[PDB]
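Notes for the one structure printed next.
Using ideal geometry, Cβ is built from the backbone for each residue, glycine included, and neighbour counts are taken over all protein chains shown. Taken together, the values in this text are just the output of simple stated rules run on the coordinates, not laboratory data.
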Amino acid sequence: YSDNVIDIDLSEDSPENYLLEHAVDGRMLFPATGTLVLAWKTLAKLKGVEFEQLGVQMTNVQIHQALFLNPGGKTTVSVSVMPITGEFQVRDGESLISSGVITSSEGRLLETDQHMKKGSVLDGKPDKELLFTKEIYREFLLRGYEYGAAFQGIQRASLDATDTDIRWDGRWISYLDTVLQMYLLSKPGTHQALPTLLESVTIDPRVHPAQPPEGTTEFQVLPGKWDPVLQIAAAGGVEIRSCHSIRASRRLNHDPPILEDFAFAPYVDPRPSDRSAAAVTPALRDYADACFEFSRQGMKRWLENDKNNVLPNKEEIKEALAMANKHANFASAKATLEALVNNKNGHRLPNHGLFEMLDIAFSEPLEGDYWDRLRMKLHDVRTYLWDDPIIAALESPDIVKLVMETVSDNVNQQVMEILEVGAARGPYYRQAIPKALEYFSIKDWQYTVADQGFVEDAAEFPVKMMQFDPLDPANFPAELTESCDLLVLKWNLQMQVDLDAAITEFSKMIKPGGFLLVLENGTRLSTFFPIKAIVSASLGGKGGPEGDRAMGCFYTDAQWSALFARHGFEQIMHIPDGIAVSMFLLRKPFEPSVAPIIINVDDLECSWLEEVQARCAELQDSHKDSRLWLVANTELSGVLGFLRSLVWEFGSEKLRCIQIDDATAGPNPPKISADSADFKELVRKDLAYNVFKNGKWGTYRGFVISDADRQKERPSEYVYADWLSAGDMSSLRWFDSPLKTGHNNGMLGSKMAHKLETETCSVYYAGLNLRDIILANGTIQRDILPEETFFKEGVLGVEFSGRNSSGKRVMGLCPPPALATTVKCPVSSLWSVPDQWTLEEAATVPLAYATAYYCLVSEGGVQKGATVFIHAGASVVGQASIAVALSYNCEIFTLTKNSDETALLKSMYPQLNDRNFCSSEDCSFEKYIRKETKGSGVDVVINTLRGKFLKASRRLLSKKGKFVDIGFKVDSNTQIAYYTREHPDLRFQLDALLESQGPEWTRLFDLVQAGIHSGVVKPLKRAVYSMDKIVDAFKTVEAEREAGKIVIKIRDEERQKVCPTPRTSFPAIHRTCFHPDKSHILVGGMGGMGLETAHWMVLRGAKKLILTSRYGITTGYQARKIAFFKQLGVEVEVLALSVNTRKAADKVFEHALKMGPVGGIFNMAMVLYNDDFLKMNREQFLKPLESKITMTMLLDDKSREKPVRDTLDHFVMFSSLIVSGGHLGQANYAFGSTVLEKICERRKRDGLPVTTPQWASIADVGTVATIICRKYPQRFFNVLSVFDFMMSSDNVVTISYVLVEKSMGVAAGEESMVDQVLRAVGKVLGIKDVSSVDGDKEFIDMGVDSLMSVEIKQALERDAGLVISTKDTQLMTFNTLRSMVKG
Ligand SMILES: NC(=O)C1=CN([C@@H]2O[C@H](COP(=O)(O)OP(=O)(O)OC[C@H]3O[C@@H](n4cnc5c(N)ncnc54)[C@H](OP(=O)(O)O)[C@@H]3O)[C@@H](O)[C@H]2O)C=CC1
Ligand SMILES: *P(=O)(O)OCC(C)(C)[C@@H](O)C(=O)NCCC(=O)NCCSC(C)=O
């Protein structure tokens, strides 16, 4: 000698550790079939039998939450099976994780006879007609389902996935999941579907084979079958009937990718159009002038009002006015600058810092204790100068990265040593680290700050503090000699009395081949002086041959150059920010002792491989002064990426580059040839990469693209409303609409059967219904809508009012998205606006009355004089129902929230009296309605309320009475009724009718048309919201705080009645779309990236694909996907040829033009031979070069002639990060990739479309099928998210790579529970740094969805003792979050 507390041991060697091998987007969930084996093992205990000798049949199994497993942890769950009836729970405390009805039995329970099949039907088939375990679980991985070797049961399957071979290893949770995978494998797609309701599961172990013999290694495989007629996935002694799932937002396993623009930047004196030029916008120029005037007059007032003579450096102050007037009221100065500050015209500098401290240094009363007193006030607002547009113009992320990386390319060590002497006055770590150094992956860095004392602001940075006087040479610690590769001198070499002595000592600290970074004032030297004399104590700087220091510290920019040049310093970069400070990157000259060796690389046929190979072999045998110079005087040449890869195996101490771009070379092309003039200048600087482009020497650098630029809005003619993140109403934006191509996305599958006639109408007003709010806020997934909308771009908006193609005014309902600026409305759904309604009023009529007629006349069959009960009389559907019922001469009973709604309805309908209204707050209407109707009941009920109001409404139904239920938020039991066909689902019927537009719709169309003519259909009261307030409008609909219709105003109605709509553009976010009438060539599109991106193009509009591969279809994965595209309605064609000759190119474009005009050319072909450079012969060096040189050039040629030039829209050439960072062994691949990018850059020069993605590592599909160069591989769904941005952008080459960290690895100190949960809860929301976000912003404002709310609530229980409700996690901030744990 409740009913079962079951514990799952997730330990190192526990038998249930395999449950960790079942994840979904990194998170580890408890399988949906684990609640069946838990109820089946609890009924067996209840019946006193072994669980493997009991035959059960679970029905209507539901899953309400998801247990979140955890490595090395114990999770408990309580099952409870009701003895007689058979109702079971899997409760996990007070929260339900699953439910259903388990009912054991003895007779036969299995419906399908698969339990008798013995052998496998997938025998003797070719390998191209079969899917193996590698290919089956590549498809699941793409959708987020990550299964380990334990859950990888399906060992083989057919192309249609009907027949499979399932491994039987004796683990039932694993086995059942491998049978549920059959249902998953039968619904190809790209979204992540989470099972929620298994209608009928039948497990019969009596017919199942026995447990495998102990120690077995060759587990037997049972045949499996999928039955689409009945939706039964049967295998062995298991049968899972109809299952249902819900789309779930895919979560990013890693941190967001780092997008960059691989662009050329000049070294010295960049022009305003160059990327290394200081970002001095006209507004900043005005501020610089504005601050100059305020400083100057404040300088003069200082002189006059200093009657106490308590102003130090007064002689220096006087000199400032002398220079200020030479290089040229106080209240007006404040007025002008204050106007600049207080203005909010969009053109607004990030902050106005220099003025504020100048004001603080001028507004201070001139009394005793001035010098020391004011020193403290400004030292308190020192940050204002540091973060100030005027100063942060030579420290913009572009320039800082250029300095740090260009130094890194030339430093021939593994650790980059930096030294910022004088980090207390002018800090550079706060800019160098977050903007340039944190992105380093191939090279390590070691920052070291130094000043007189402790640098307080450097406490939080990964720098090393050092104590030594910076402004006193001859005492600099001798241990600093040859200690740094880079020496930063931000506002330091101006405060040393003898700068001639200053750098002489500094030049000894730099390593041989090191650099000096110098940032000093060089212009408008009277602007920053008011706040310099009063800080600096010994303002006694001595002059020199270059002149006399301005005031006593500064040297003019042209005189800084003279000093360094005189002392033997080569200017590497001299970016002369023209407003104030100027930059100087200097390196000591290199004097070679052996003649450098130049080798021409121009040839694209690699006729130079042998010469380069021999010299490269002689590198590590010569002087330290021997250098190999690979040169090239052509735009098309892969020297820049080729050298990067050679350095990865030979070191950067002997390899140099020179490339001259002929197209952009200036009037005087550099004549680099052995003993030349220009060449000798390069040898002295000794820069690893020298590129002559746009007329100046420079280098290629990856400039970061801010996260805000990915959502930058640009004008677009056709736009539509969608959500950036599902389930968020605050994420609604306007995207580019596919209607710019003429057609509408989603013409695949069912939508291809109904060939409706459509009219292209220009939307003027769009009405918002409660159907849109229910979809936007995540209350209902987009899968509940008719299946014709599955592939549509959006699902928001149905009704509208605008002008058809002829200029006539119209209104009507169309399949979504009608919340756009152009719609293709079927001609059978278009009414005409009578010439008395404004288009604003017509936007309120169509759906409200179409639903009202459907409910009353079409579904309830209302008759004259019948009684009707309408819920929510104040709603737009409710107001329409009252109007229609009144026209039918009925007795109306309505529910109103408050008295204001009653007042509105009585005024709107004078017929209604107070007797016809009730209260929606409590269920007292049932008594009143039954009494007032004398017990006969109501003939029709239009029901929207739920719970006890729904039951009460049904009980008022007459003997014939009809119940029309149009509520959206149905209960789980009600939803199962819809699935079971027990009840009809009428809440998405207007949507269903509009897709078909059959006899049932035409009845409503005629009804509403007659209603308009007879005066019953009248416009409703409305509130108009501008397009940009779309988010605000949606919230107002959801709140239901006031009665009325909400219509978004797209355009302005013209005074005429038949007039063309003017062409105008709307701000919108990018959304790439492909013309369905054009043919897209995907060269090498049968690979891993090509097949999964071709799917992406199909969803976005493409319907004519030509996939070319060297061999054609050769595997079961390729044959299955091609079959999927063709079934959808795509006109695919696989060509088994290689485009390496003109004839092959002609063939490809003969087939392409046969399908239709060419509208896209992609090249994802790749053959890679990895080996050591010195062990490559020519035949092996040009292996990758065929697909990346011999292919792109031929494709480029055909994309320049007619008719391809005019019709072509996209020209994508996939590249690799090897061109930007280099890699070991793939020297040939680097040469091929670099030439490919130089071809793409040429196209951009001629104005042709071009896009060159540069990926680092792609996870789900590709050659990876983990951490390379400290770079994580991207999930493919994220690749296509940034790929979309790449196409809709102006740059040519974009770099996308995911960084493991910026040092997190081996770095942490969390301890208190009050912080342990924060990182967990912060991680759940996808916030890498919890403290970064606001401590008062509600979680729903961040976009807290469900599953993400479930995890937070479950995480609190698992991590602490808190038990909260999901209703609070969406209104429960970070500050209140931290309070609960402590309590
Ligand atoms: N880790 C990654 O996945 C990365 C990918 N990239 C780029 O992505 C692109 C594709 O990646 P992936 O798809 O994984 O490469 P795969 O090797 O996965 O597939 C490459 C495809 O190229 C096709 N191909 C090769 N040569 C030719 C040719 N001469 N004519 C026609 N087709 C050809 C092959 O078809 P067959 O097999 O029939 O010859 C093969 O299916 C490549 O260009 C690569 O540079 C960039 C960075 C990293
Ligand atoms: P919101 O949309 O309210 O979230 C509802 C959720 C939590 C998703 C719930 O309805 C649900 O279905 N939870 C997940 C069920 C589950 O256990 N799935 C995992 C096993 S199946 C597998 C392939 O993931």
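With only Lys, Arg, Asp and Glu charged, each at its Cβ (+1 for the first two, -1 for the last two), find how big the charge dipole of segment 1164-1240 is about the Cα centre; round to the nearest 20 debye.
Rounded to the nearest 20 debye, it is 80 debye.
Could you derive backbone 3J(HN,Hα) for segment 1361-1378 from the dihedral phi with the Karplus parameters 6.51, -1.76 and 1.60 (θ = phi - 60°), listing whole Hz in sequence and x where the residue is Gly or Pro?
Once rounded to whole Hz, the list reads x, 6, 10, 10, 10, 4, 5, 8, 4, 8, 10, 10, 7, 6, 5, 5, 4, 6.
Got a sec to turn the phi values of segment 653-660 into Karplus ³J(HN,Hα) couplings, 6.51 cos²θ - 1.76 cosθ + 1.60 with θ = phi - 60°, whole Hz, x for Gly and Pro?
Along segment 653-660, the couplings run 8, 9, 10, 9, 10, 9, 9, 10 Hz.
With a sphere of radius 9 Å drawn around the Cβ of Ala848, what net charge do the other residues whose Cβ falls strictly inside it have (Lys, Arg +1; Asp, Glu -1)?
Summing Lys and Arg as +1 and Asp and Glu as -1 gives 0.
State which entries of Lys740/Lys1035; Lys654/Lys1271; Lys969/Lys1367; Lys1302/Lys1323 exceed 20 angstrom in Cα-Cα distance in the structure shown.
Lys740/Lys1035; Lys654/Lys1271
Calculate how many DSSP beta bridges within the chain are antiparallel, expressed in % of all such bridges and rounded to the nearest 5.
Of all bridge pairs located within the chain, approximately 60 percent are antiparallel.
Once the dipole of segment 284-394 is set up with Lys and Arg at +1 and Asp and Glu at -1 on Cβ about the Cα centre, which of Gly346, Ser295, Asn309 lies farthest towards its positive end?
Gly346
Select from segment 977-1046 those trypsin sites (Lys or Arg not before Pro) which occupy a DSSP coil region and have at most 15 other Cβ atoms within 10 Å, ordered by residue number.
Passing sites in segment 977-1046 are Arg981, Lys1021, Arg1041.
List the residues of segment 279-311 whose backbone N lies under 11 Å from a point placed 7 Å from the Cα of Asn329 along the Cα-to-Cβ direction.
Residues passing the 11 Å test: none.
Using alpha-carbon pairs under 8 Å, 6+ residues apart, how would you state the relative contact order of segment 780-923 in percent?
15
Please give the FRET efficiency for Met376 paired with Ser1026, using the beta carbon to beta carbon distance and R0 = 41 Å, rounded to the nearest 0.05.
Step by step, r from the Cβ atoms, then E = 0.20.
Remind me, relative contact order of segment 1047-1139 in percent, using alpha carbon pairs under 8 angstrom and six or more residues apart?
Relative contact order for segment 1047-1139 comes out at 26 percent.
Please identify which residues in segment 28-42 have an amide N closer than 16 Å to a label point set 7 Å out from the Cα of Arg1358, following the Cα→Cβ vector.
Taking a point 7 Å out along Cα→Cβ of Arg1358, the residues of segment 28-42 whose backbone N falls under 16 Å are 28-32.
With the dipole of segment 895-987 worked out from charges on the C-beta (+1 for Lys and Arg, -1 for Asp and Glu) around the Cα centre, which of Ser907, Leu895, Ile929 lies farthest toward the positive end?
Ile929
So which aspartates and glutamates pass the test for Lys1202, namely a Cα distance under 20 Å, with those fewer than 8 places away in the same chain ruled out?
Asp1077, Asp1146, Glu1150, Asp1246
Given segment 585-716, what percent of its DSSP beta bridges are antiparallel, to the nearest 5?
In segment 585-716, approximately 20 percent of DSSP beta bridges are antiparallel ones.
Leaving out same-chain residues fewer than 8 places away, which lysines sit with a Cα under 18 Å from that of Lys1382?
Correct list for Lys1382: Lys1353.
Residue farthest toward the positive end of the dipole of segment 471-620, with Cβ of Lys/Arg at +1 and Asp/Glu at -1: which of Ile598, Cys553, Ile575?
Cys553
Treat every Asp and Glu Cβ in segment 528-611 as -1 and every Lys and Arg Cβ as +1, leave all other atoms uncharged, and give the resulting dipole magnitude about the Cα centre to the nearest 20 debye.
Dipole about the Cα centre, nearest 20: 1040 debye.
Students often forget the sequence filter, so: which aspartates and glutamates lie under 15 Å Cα-Cα from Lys864 once same-chain residues fewer than 8 apart are removed?
The reachable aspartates and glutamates, counting only those whose Cα sits under 15 Å from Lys864, are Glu891, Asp939.
If you place +1 on the Cβ of every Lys and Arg, -1 on the Cβ of every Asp and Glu, and leave all else neutral, what size is the dipole of the chain about its Cα centre, to the nearest 20 Debye?
So the dipole magnitude of the chain works out to roughly 4060 debye.
Could you work out the local net charge near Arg701, counting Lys and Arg as +1, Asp and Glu as -1, over the other residues with Cβ closer than 10 Å to its Cβ?
Local charge sum for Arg701: -3.
For every other residue with a beta carbon closer than 15 angstrom to the beta carbon of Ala328, add +1 if it is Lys or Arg and -1 if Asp or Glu, then tell me the sum.
Overall, the nearby charge balance is +1.
With r defined as the distance between the Cβ atoms of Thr76 and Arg247 and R0 fixed at 30 Å, what FRET efficiency is calculated, to the nearest 0.05?
0.45
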